[PDB]
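Just the one chain here, the form deposited in one PDB entry, laid out as structure tokens.
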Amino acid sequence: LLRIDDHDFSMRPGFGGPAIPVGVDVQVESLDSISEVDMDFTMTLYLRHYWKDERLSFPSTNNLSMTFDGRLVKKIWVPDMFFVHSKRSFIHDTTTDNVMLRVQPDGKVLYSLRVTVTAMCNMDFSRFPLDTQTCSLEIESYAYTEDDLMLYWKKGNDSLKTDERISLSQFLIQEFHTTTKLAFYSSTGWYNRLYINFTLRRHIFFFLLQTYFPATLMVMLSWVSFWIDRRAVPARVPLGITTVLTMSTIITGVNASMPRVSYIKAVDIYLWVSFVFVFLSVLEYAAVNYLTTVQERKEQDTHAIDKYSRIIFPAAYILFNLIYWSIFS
């Protein structure tokens, strides 16, 4: 039916004359995973191409479109799109190649395939875990400049569809939209580039329960010391020390999970402030023991330091929390 043997499909339609227009539309099937340590994300999608080539015309009375096996795709000419700034990708091939080819009697062509992509995404963690991130996937022709191929979204803003099943356990996904821009390479020329854009917002529940609450509880334990008889030395001393040494484990277990960035994150601030609050309660009792011993040496109830600490330490931590959750909301 199609006269494949008659033509040289090493050359594009319109070769040696004006540029060929190629239109694109897309459906996203899933957003698969995200990594802070690698700074990337993985996506699976259906991708579709539209153009005309009169070398593929055939006669019929119905004027309708026809589907073909799929092994012909390797004989005819086809556009050459690639995913810019991507780490790895593949086309699915069970039970055969997941590819589709449809042709109309006047030579209009529709071409479709299913792919998975892993792509680069630069991330800012200064407000982590209360952060928002924005991401994009980039599409471009490899060999042909804007003088030979013209690339555009087939139906404007209606060219992107999304599966209703798409979900991530840790993020809310929002704000899917598409854009276009021109790109330049010094050695080879000017090219059209298409963009798919989206926004992510992290759920904080896990971190409250797993990090902010146990820090708070250690700080509240350190306050119990102020209500204990100053003469019980081997009770008041280890009560302070053990909370210092627990807080260090909390601080380590958080930071072991994240990339080694050169700046402070919002969670770091809270934990190190909590640490100094606990550390100071140890110096307070050392002072009261020393001054008691000086009183014994002069001579030979509750101390004013204890009396004031019962008031000052809790007020100060409440003030800190009010400020912190006013800044990070």
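Shifts are known only where both forms have a C-alpha. Numbers follow the displayed sequence, beginning with 1. So that the term is clear: the rigid core is the largest set of C-alpha atoms that superpose within 1.5 Å between two forms.
Not pictured, yet referred to below: the form deposited in another entry.
With the core superposed, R193 shows a C-alpha displacement below 2 Å between this form and the one not shown. After superposing the rigid core, the Cα of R230 is displaced by 2 Å or more between this form and the one not shown. With a cut-off of 2 Å and the rigid core superposed, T246 has a Cα displacement that reaches or exceeds the cut-off between this form and the one not shown. The distance between the CA atoms of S262 and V37 is at least 3 Å shorter in the other form than in the form shown here. Core aligned; runs of 3 or more residues with all CA shifts at 2 Å or more between this form and the one not shown: 1-3, 64-66, 204-264, 295-297, 301-329, in sequence order.
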